[PDB]
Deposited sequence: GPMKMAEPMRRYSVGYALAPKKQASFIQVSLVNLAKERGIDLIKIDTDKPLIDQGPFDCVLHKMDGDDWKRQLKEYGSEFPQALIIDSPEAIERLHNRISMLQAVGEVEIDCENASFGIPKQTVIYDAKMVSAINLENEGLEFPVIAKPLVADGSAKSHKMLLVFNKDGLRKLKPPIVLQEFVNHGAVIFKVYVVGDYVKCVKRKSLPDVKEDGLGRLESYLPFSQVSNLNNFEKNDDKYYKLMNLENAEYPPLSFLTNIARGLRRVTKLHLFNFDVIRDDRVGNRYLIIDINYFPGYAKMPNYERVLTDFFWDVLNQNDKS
């Protein structure tokens, strides 16, 4: 009894994750959540049973390695190399190809994509020999959480390629009924929620369309409902989530799923993010508290 969890998170992540309910509920289960001062060497604090973190930069990486060398039995959530795979959008999706699950009901994968590094490479673009076709979507290569990294481009024809801002991933746009399925994972716990997405390109006035996250009224529109969109099968979502947990080596992540409406039963993972916002997930205090108990009780048992 009485495990300690040191946490190193940005101030806005502390405000949303470290709530009173979470602190107090973990404390009665015996989990002591302790704030890491990142302005002081990690190795000079604690020691902690577990280090939970979401910090950028090589020096934090240096400090984790330093810390884990002196306390090789402390659990690190999560491994910095595992987190780091999610920072380049090519390497981000590589784990999907390693997930092996029995599910002949439906297939899964990632959309076709190619990388455009600079201006010269835009000029050399040939979608055809890559098996790409227009409707493509250009995504910044680096997923660093900056505003820039979310600024995206829909390209409808040859012109509009001129609006690419490399380094970019060039990815086929998949008609998916205008709804993403965001799957949240905490260890073996799996929750899914629908969210609005881009409309289908009905195979207009522009050869490109930039869009982001912030993408008023007075212009008439009826907001489409997502009720009638079918969820992917529950068994498939949770088996893929737990396969991904095992391949990425990440305990806390979400991934975005779209259904490829061209086929019926093909699902594509288009995004995987480390340690997303959990504070409005129902019951998140008990789910996160039980997760810490489970992983600390597993690790303490070894």
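Deposited-sequence segments unaccounted for in the coordinates: Gaps vs deposited seq, in order: 1-9, 213-216, 229-235.
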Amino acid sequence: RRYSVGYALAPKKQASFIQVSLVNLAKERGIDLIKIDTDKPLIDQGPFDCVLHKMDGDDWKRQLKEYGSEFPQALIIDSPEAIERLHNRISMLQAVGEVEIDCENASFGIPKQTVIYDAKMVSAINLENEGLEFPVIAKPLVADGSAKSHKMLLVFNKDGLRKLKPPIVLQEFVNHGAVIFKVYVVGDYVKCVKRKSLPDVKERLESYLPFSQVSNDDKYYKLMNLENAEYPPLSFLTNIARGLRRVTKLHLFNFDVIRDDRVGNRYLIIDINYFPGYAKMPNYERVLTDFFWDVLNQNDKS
From here on, numbers count along this sequence of modelled residues.
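Can you let me know which of the two, 142-150 or 224-232, has the higher average C-alpha B-factor in the entry?
It is 224-232 that shows the higher mean C-alpha B-factor.
Which is higher on average in the deposited entry, the C-alpha temperature factors of 79-87 or of 105-113? The stretch with the larger average C-alpha B-factor is 105-113.
Just to confirm, going by the entry's C-alpha B-factors, which of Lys191, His176, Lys202, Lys194 comes out highest? Result of the comparison over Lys191, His176, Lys202, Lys194: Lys202.
task = Go through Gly243, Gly264, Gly277, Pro41 one by one and give the residue whose Cα B-factor in the PDB entry is largest.
result = The record points to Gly264.
Could you place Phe291 in the lowest, middle or highest third of its chain by Cα temperature factor, using the values in the record? Tercile = middle for this residue's CA B-factor.
Review point. Hey, what third does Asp271 fall into on Cα B-factor, ranked over its chain?
Key: According to the entry, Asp271 has a C-alpha B-factor in the chain's lowest third.
_Ranking every modelled residue in this chain by its Cα temperature factor as given in the entry, which third contains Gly187?_
Lowest third, going by the recorded CA B-factors of the chain.
Exercise. Thinking about Cα B factors across the chain, which third does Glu70 belong to?
Worked result: Highest third of the chain for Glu70's C-alpha B-factor.
Considering only modelled residues of the same chain, in which third does the CA B-factor of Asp58 rank: lowest, middle or highest?
As the PDB entry reports it, the C-alpha B-factor of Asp58 lands in the middle third of its chain.
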